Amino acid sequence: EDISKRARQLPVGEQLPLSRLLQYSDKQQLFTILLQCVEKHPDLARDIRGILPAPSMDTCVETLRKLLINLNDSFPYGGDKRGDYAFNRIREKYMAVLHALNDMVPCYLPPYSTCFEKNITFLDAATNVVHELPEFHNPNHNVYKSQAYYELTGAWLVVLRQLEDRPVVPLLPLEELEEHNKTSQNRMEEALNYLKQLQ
């Protein structure tokens, strides 16, 4: 009767909706496509940020532990662990441990994280994680471990340095860093020194 004369509306054959197609795409692909949606729309990163909770320090530490375990077990069957061939096999996994450290550690550094007691706890965990890295016969493969010690040293410094201007200082981990630097073949010297200095 009214404006337009109607008669049983027959369905229209439309295209598969967005939700349905995303179902047939997994974690990798989703994640990967999502990372580019943000690259195109930076503002998205803030929303998601306010949507996803930051994993707890313990969660993070638990991740690195799992990450280095993956490495130890990725070593080939019955061969030399310090071997070159044994290296190529674990490379990927190795990089994974390292890439995590680069990600996580900055969360517990000077401007961003001002909590001294926290940051140390993570540096300690982190350094121990680095103590475990695999050595090799070839001097090239070991460069990633020493490099790790170096950068690692930089962080302990910056972390301690926030104590400089800060009145009221705790009882810094002299014994922990002492052993830390020892296991490290003295690479952490500079940090051990500043520790004692400030202390």
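Residues carry their position along the shown sequence, with the first being 1.
- Averaged over CA atoms, B-factors in the entry run higher in 67-75 than in the other of 67-75 and 92-100.
- Higher average CA B factor: 76-84, of the stretches 76-84 and 120-128.
- The PDB entry assigns the greatest CA B-factor among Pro134, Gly154, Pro55, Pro139 to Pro55.
- Among the modelled residues of its chain, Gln162 has a C-alpha B-factor that falls in the middle third according to the deposited record.
- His41: CA B factor lies in the middle third for its chain, per the PDB record.
- Ranked against the other modelled residues of its chain, the C-alpha B-factor of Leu171 as given in the entry falls in the highest third.
- For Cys115, the recorded CA B-factor ranks within the highest third of the chain. Only modelled residues enter the ranking.
- The PDB entry assigns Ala191 a C-alpha temperature factor belonging to the lowest third of its chain's modelled residues.
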